[PDB]
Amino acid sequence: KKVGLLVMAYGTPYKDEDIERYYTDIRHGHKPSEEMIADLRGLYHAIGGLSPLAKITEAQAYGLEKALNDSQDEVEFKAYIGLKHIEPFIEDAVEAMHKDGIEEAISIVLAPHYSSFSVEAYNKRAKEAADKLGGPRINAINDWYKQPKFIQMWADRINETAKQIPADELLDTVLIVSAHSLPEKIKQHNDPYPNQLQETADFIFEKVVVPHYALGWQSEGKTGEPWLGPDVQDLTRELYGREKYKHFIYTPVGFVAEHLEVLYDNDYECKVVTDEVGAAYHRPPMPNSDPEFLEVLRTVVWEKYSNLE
């Protein structure tokens, strides 16, 4: 019997025509304004027409499927992609595991940190799917940022970029660690999310040559409601104002692929700020389908299966 690997991710439009139904799914049934759509289309057209996230996510899931199976002869994993706001939806993927006869599955979200607005939404949807059909049994991974190979991978990348900065200027360099912002209300109820990213920033900092680091947030929502701060653009200005850093190294470690939230929020917005103040901009490559990142996920999944009992 095969074991299902439910790999979950946010989803990205495949075509310009998908944008509206995508935006509406994101807005939970509320249809965006025609101008709103326009702006989103403009964003996607800034980064090069559409996001590579669709092909990256597939490489990541079928790369992990392959990596798990090539490293053992006890089980055969079958990977099923379940996106959040576009097809193949989470529910489509569970329905497929049922049809194919999967009895047990291990679900993983391509987002190392847990939050009530992200990972918890994925897992509730997949398990509500699994219960209506009566199969497969889904054993969910909730977070994997504490994985040593995960921390070492980012530290190695940051150190690669750092060595390419003049040593006389490395003391004027700062590492910005960030993730998707969320409505600050999550802290009222003890969400581990903000604390998990502080741990990720600390774990990495100890393993890099960059002498300074700060935690930031990106893609904050327009809701009048407060959101987790500071924003990476405001933090860059605040940091340059107090310390006059020459180099800014951005690591959006809450993400695992070069998609819109990285290519826009960092590679364009943060870069604008550094140019305005006169600082340099650095952004290490994201994990994407790199064999090291796939080995991180293979170890994450092979440990969940070992401790499944």
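Numbers for residues come from their place in the sequence shown, where the first is 1.
A.B. asks: 135 to 143 versus 107 to 115: which one carries the higher mean Cα B factor per the record?
C.D. replies: Here the higher of the two C-alpha B-factor means belongs to 135 to 143.
A.B. asks: Can you tell me whether 75 to 83 has a higher mean C-alpha B factor than 161 to 169 in this record, or the other way round?
C.D. replies: Averaged over C-alpha atoms, the B-factors run higher in 161 to 169.
A.B. asks: Between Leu215, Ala130, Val208, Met153, let me know which has the highest C-alpha B-factor in the entry?
C.D. replies: In this record, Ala130 carries the highest C-alpha B-factor of the candidates.
A.B. asks: Going by the deposited entry, which of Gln60, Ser51, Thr251, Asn266 has the highest CA temperature factor?
C.D. replies: Comparing C-alpha B-factors across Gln60, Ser51, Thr251, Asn266, the top value belongs to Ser51.
A.B. asks: Split into thirds by Cα B-factor across the chain's modelled residues, where does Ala280 land: lowest, middle or highest?
C.D. replies: It falls in the middle third of the chain.
A.B. asks: Sorting the chain's modelled residues by C-alpha B-factor, tell me whether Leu5 ends up in the lowest, middle or highest third.
C.D. replies: Ranked within chain, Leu5 CA B lands in the middle tercile.
A.B. asks: In terms of the chain's CA B-factor thirds, is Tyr44 lowest, middle or highest?
C.D. replies: Tercile = highest for this residue's CA B-factor.
A.B. asks: Could you tell me which third, lowest, middle or highest, the C-alpha B-factor of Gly229 occupies within its chain?
C.D. replies: Lowest third - that is where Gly229 ends up once the chain's C-alpha B-factors are sorted.
A.B. asks: Quick one: classify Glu220 as lowest, middle or highest third of the chain based on its Cα B-factor.
C.D. replies: It falls in the top third of the chain.
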